[PDB]
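Here the structure is laid out as structure tokens; the discussion comes afterwards.
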Amino acid sequence: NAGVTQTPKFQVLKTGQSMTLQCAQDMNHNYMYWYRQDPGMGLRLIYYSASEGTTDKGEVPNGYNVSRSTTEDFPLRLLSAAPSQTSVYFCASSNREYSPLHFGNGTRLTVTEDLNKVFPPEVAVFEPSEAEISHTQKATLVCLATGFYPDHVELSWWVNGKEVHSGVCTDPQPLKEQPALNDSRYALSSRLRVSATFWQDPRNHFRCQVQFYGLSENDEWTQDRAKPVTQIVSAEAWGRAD
Amino acid sequence: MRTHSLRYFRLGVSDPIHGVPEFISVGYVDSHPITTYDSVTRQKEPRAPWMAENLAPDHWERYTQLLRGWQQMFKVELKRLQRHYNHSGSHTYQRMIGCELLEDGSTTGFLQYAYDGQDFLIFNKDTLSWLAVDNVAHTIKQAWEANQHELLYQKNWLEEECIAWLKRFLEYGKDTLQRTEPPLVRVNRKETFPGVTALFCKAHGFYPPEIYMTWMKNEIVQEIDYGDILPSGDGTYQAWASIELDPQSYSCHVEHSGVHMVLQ
Amino acid sequence: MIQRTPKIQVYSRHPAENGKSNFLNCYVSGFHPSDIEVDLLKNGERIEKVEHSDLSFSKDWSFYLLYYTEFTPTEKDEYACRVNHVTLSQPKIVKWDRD
Amino acid sequence: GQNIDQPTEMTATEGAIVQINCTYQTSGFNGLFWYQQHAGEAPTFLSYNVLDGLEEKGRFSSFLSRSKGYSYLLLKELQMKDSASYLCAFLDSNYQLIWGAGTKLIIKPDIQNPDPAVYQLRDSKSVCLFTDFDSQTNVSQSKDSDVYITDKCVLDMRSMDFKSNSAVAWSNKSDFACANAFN
Ligand SMILES: *Cc1cnc2nc(N)[nH]c(=O)c2n1
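Protein chains in written order, with the deposited numbering: chain E, 1 to 242; chain A, 0 to 217, 220 to 250, 254 to 268; chain B, 0 to 98; chain D, 3 to 127, 132 to 189.
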């Protein structure tokens with residue numbers, strides 16, 4: 001079984017838009033739940049359903065509605081997007097009211113009063129220091145995603161057009177370029193560390209890939225800059241001796 | 000100094016004729032109904048006014064959602080059993096869960112299931128095991144015994160939660176559940192056939208329903226005929242015991261709520 | 000499958016006396032399955048305005064019910080309880096024994 | 003269905019042991035749960051206690067004291083992959099799932115051969135990298151708001167069975183040196 005399937009993973013909305021978060025489970029579970037997770041507090045129940053044909057309010061139901069006309073699906077509707085609804089949403093299911101919850105992969109949601117605040121990341125790869133390669137026989141590439149809003153990005157490293165994990169560390173949380181401002185654009189760093197030998201091989205191609213979540217191609221745009229749509233922004237380095 | 004109990008029953012019926020709920024659940028404290036829910040109302044409601052006055056609307060609303068959940072689970076449980084036995088047509092599934100609080104302060108808890116009104120599965124909360132009546136019950140017993148966390152959930156609920164609920168409910172209904180109405184006990188002489196005399200000891204107006212009645216000589222009597230403890234329909238019970246005399250050959257003994265009576 | 004036919008007891012709330020306002024009780028018990036029809040009769044005809052308890056559950060998985068009515072006994076008036084159930088190929092009439 | 007408390011953050015060394023405490027106040031109780039939640043991931047079920055005592059599954063144990071209103075989640079032989087939030091939750095008498103604010107667990111790598119340097123990377127056409139320092143070093147961000155500094159990140163180069171701390175700093179200021187940039 002798939003477990004709990006929740007979509008989308010990311011969403012930006014303007015103040016006043018409505019939105020449906022989809023959630024399905026193929027586990028024949030009676031209980032489905034919607035939670036929001038906000039910094040510095042416990043998961044908060046929005047709505048739950050004890051079975052198909054019934055739903056009930058959680059602790060923070062205001063601004064949302066749900067339906068459960070099937071065992072499988074428990075859609076959450078945001079009635080009229082408000083900034084206070086900027087959060088991470090998790091769909092869950094359990095067999096019974098006392099059994100362990102199975103969680104969806106979550107929906108990171110940002111509401112802004114103005115879509116002109118949305119920006120795709122600029123992405124740059126910084127080759128390794130000759131001093132590091134000399135003193136450690138190791139080489140650390142740094143990737144820098146800057147100027148993006150909202151904080152909806154997935155950073156991946158590709159070598160020779162194939163994703164890698166070993167030797168990678170990515171900041172778990174983006175930095176604010178302007179800590180004061182409330183719609184501050186974000187910056188995210190990552191390292192890929194490899195042997196000096198691997199970096200010296202001119203047959204090795206390195207690629208930092210930042211999947212950005214922004215506007216739809218369908219969204220209206222009356223600004224001179226390119227419409228800041230969902231898009232992959234990349235930068236690249238080739239290995240070499242010198 | 001008497002025993003109290005809390006019990007929740009569940010009745011599921013497959014393919015009910017149009018005028019019969021597919022599902023009913025009723026709670027009792029002693030012989031009093033406290034709570035009702037069915038598949039027609041889809042509402043949990045109080046059946047005693049002292050439950051109504053003491054539990055805010057949020058209780059009924061919450062347990063309404065829980066009972067909709069358990070109604071669905073029951074329906075799937077029955078369907079599955081009917082698959083296992085390969086039974087078509089209408090069949091019943093039943094469950095009783097509850098606990099006793101005795102005078103010494105000691106407790107009991109139980110959980111059993113019935114298919115077509117016969118013992119199917121009985122829970123042992125000490126050995127954390129299920130007694131299965133046949134091969135089909137053994138199959139459900141193995142699935143249930145493989146979920147250790149659920150057995151422990153169930154043990155705790157019977158021993159802690161059930162007893163906490165009972166005490167809360169006893170306090171709510173104290174004027175009803177903890178009162179005494181003593182029996183009015185008469186002794187009738189009836190000639191049942193010519194020459195042959197039989198004595199009837201009759202009791203009524205009594206609560207609780209628990210009562211002991213026997214006939215003694217000068220030594221208990223043999224062949225005592227017992228009437229059931231029956232409800233009078235005003236919250237009190239009636240009951241009787243008869244003996245038949247021997248040619249040329254006695255007292256009625258009643259014990260109720262810590263009071264002993266003799267009628268010679 | 001084991002069906003249980005109802006036990007049917009008819010009796011008064013109080014020692015009955017002719018001309019003394021009482022209650023006639025019909026207690027139907029130990030039946031399975033749950034589907035049942037009960038009528039109180041007065042000289043063979045159906046008494047309207049009868050009251051009954053909810054279907055009630057016993058720990059042996061059988062069911063019980065109390066049907067009762069306000070009445071005043073006489074020497075002449077006959078009273079009965081008529082119960083139908085899947086176990087009964089015809090409704091069963093049980094008459095009030097008149098203490 | 004009243005209250006539940008667990009520490010905001012704990013820090014322990016790779017290979018060592020950590021005990022995450024959770025206290026709760028309630029009249030009525032149907033069990034206490036621990037969930038594991040990795041950064042950007044779903045919470046996943048770890049443990050369920052309802053009776054008093056201790057349950058053990060590999061490196062994880064969960065204890066419950068009913069009279070103390072107290073549970074702990076015990077992690078032995080800590081690995082970097084145990085770096086996560088651990089969520090305490092219990093069921094009240096009405097099966098309401100009451101959630102702790104969660105404990106962020108930070109694991110420090112055991113750096114056997116600390117070799118702390120700051121290095122300047124070839125820019126793309132300036133980035134600085136503080137690397138190979140011991141896990142007891144805290145990277146503070148500077149006051150200067152034209153200079154950005156990341157938290158320490160732990161990378162695991164399985165290619166050389168090697169682990170290393172690093173933090174990155176950057177700026178566009180023509181007056182900005184990597185040396186002495188990390189305080
Ligand atoms: C109405 C009600 C409330 N609580 C219950 N608890 C258990 N365990 N089982 C039931 O059927 C209940 N019904």
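Note that CB positions come from ideal geometry on N, CA and C, so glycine has one too.
Query, Result
"Length-filtered (3 minimum) beta strand (DSSP E) runs lying within the region 31-73 of chain B", "36-41, 62-70"
"Where the beta strand (DSSP E) through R44/E begins and ends", "44-51"
"Contact test: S95/D Cβ vs ligand 1 heavy atom, cutoff 7 Å", "no"
"Cutoff 8 Å: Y186/E Cβ touching any chain A Cβ", "no"
"Residue interval of the alpha helix (DSSP H) (run including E144/A)", "134-144"
"is_contact[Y206/A, chain E] using C-beta, thresh 8 Å", "no"
"Helix, strand or coil at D162/D [DSSP, three-state]", "strand"
"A237/E, enclosing alpha helix (DSSP H) - first and last residue", "Where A237/E is concerned, there is no enclosing alpha helix (DSSP H), although the beta strand (DSSP E) it sits in stretches over 231-238."
"Min CB distance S93/E to chain A below 8 Å", "no"
"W176/D: first and last residue of the uninterrupted beta strand (DSSP E) it sits in", "168-176"
"Reduced DSSP secondary structure (H/G/I, E/B, other) of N116/E", "helix"
"Chain D contact for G239/E (CB, 8 Å cutoff)", "no"
"Cβ neighbour criterion (16 or more within 10 Å) applied to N30/E", "buried"
"Outcome for residue 103/B when other beta-carbon atoms lying within 10 angstroms are tallied against a minimum of 16", "There is simply no residue 103/B to check, as chain B begins at 0 and stops at 98 in what is shown."
"Near ligand 1: residue 129/D beta-carbon under 7 Å from a heavy atom", "This structure gives no coordinates for residue 129/D. The numbering of chain D moves from 127 immediately to 132."
"Nonlocal neighbours in the same chain, by C-beta distance under 8 Å from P32/A, ignoring five residues either side", "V25, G26, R46, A47"
"Straight-line gap, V222/A to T213/A (C-alpha atoms, nearest Å)", "8 Å"
"Residue from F148/E, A235/E, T136/E, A50/E with nearest C-alpha to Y186/E", "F148/E"
"Close Cβ partners of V266/A (< 7 Å) along its chain, the five nearest in sequence each way excluded", "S255, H257"
"Within-8 Å CB hit, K58/B to chain A", "yes"
"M166/D at chain E interface by Cβ criterion, 8 Å", "yes"
"8 Å Cβ shell around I232/E - same chain, five flanking residues per side excluded", "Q209, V210, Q211, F212"
"For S128/A, the residue or residues it bridges with in DSSP", "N123/A"
"Cβ shell of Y64/E (< 8 Å), same chain only, five flanking positions each side left out", "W34, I46, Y47, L76, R77, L78, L79"
"Contact check, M32/E vs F74/E, beta carbons under 8 Å", "yes"
"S61/B: CB within 7 Å of a non-hydrogen atom of ligand 2", "With respect to ligand 2, the structure offers nothing, as its ligand set consists of ligand 1."
"C-alpha distance - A237/E paired with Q27/D, whole-angstrom precision", "57 Å"
"Any non-hydrogen atom of ligand 1 closer than 7 Å to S24/A Cβ", "yes"
"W214/A Cβ short of 7 Å to ligand 1 heavy atom set", "no"
"Within 7 Å of chain A by C-beta, residues of the region 39-64 of chain D in sequence order", "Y50, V52, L53"
"Interfacial residues, the region 135-168 of chain A to chain D, with Cβ spacing under 8 Å", "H148, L151, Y152, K154, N155, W156, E159, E160, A163, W164"
"Rounded separation between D247/A and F199/A - CA only", "15 Å"
"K110/D to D171/E span [Cα, whole Å]", "16 Å"
"Backbone CA spacing between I1/B and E69/B [nearest angstrom]", "36 Å"
"Nearest-angstrom Cβ-Cβ length linking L53/D and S63/D, presumed shorter than 8 Å", "With 8 Å as the limit, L53/D and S63/D do not qualify as a contact, their Cβ atoms being about 15 Å apart."
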